[PDB]
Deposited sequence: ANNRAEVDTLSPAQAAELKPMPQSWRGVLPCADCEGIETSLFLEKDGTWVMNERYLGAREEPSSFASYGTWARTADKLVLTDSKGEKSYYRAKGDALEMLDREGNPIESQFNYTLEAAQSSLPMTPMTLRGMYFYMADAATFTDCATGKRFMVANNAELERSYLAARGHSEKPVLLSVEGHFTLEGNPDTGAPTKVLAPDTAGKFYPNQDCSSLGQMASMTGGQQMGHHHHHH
């Protein structure tokens, strides 16, 4: 009671990965194929065969040259082990590699002091105190005015938006939703 064909891509110390496929045959023989993605090696792939014996859950593969290797089949998974039964493993990191890509377009929420005047909207962000330009948007500007009443003062605003590049190439806040102005409050309040 166990499957007879396994696939998977394993880590390559010198490439994108190794396309691995193990085939367990009825006649107690096996054949393995390894293909190197992103190869800089002559034979982009090489296969191996031999006979296999399986104990309870363990599996021992003896190749065409008598060289052994071990696996433990837990479900649909086939784990590579050392002869003691421990799984062979590698430690993985989490590092962002320098690359160049465009500013995200995913909207995020922002809390800031919005201020519009003479076709120029600015938004002093409560969180970083930094102040960016807000892409012109009729409705937003209307609402702002309608909320600042008898005063030319900046109004707290909560809007969804993302940063984009505009002309004058300069960062600018582009709204993604109607705003929600809060006239009486400022950043400190809640």
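Review point. Which bits of the deposited sequence have no atoms placed for their C-alpha?
Key: According to the deposited record, C-alpha coordinates are absent for 1-19, 188-192, 215-233, which together make up the missing parts.
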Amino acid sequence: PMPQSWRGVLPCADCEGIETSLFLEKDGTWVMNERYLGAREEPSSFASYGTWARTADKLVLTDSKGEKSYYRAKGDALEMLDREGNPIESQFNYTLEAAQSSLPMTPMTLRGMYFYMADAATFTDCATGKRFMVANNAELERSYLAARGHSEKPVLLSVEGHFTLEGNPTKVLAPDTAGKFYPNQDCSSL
From here on, numbers count along this sequence of modelled residues.
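Review point. Hey, which bit's got the bigger mean C-alpha B factor in the entry, 24-32 or 38-46?
Key: So the stretch with the higher mean C-alpha B-factor is 38-46.
Review point. Per the entry, where is the mean C-alpha temperature factor higher: 121-129 or 145-153?
Key: Between 145-153 and 121-129, it is 145-153 that shows the higher mean C-alpha B-factor.
Review point. Between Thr62, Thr55, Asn136, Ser158, which one tops the list for C-alpha B-factor in the PDB entry?
Key: Result of the comparison over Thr62, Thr55, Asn136, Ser158: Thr55.
Check your understanding: Taking the Cα B-factors listed in the entry, which of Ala178, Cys15, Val9, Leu173 comes out highest?
Key -> The record points to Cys15.
Point to revise | Third of the chain, ranked by Cα B-factor, where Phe115 sits | key: Answer is highest: the recorded C-alpha B-factor places it there.
Practice item. For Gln91, return the chain-relative third of its C-alpha B-factor as stated in the PDB record: lowest, middle or highest. Key: For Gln91, the deposited C-alpha B-factor lands in the middle third.
Review point. In terms of the CA temperature factor given in the entry, to which third of its chain does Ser101 belong: lowest, middle or highest?
Key: It falls in the top third of the chain.
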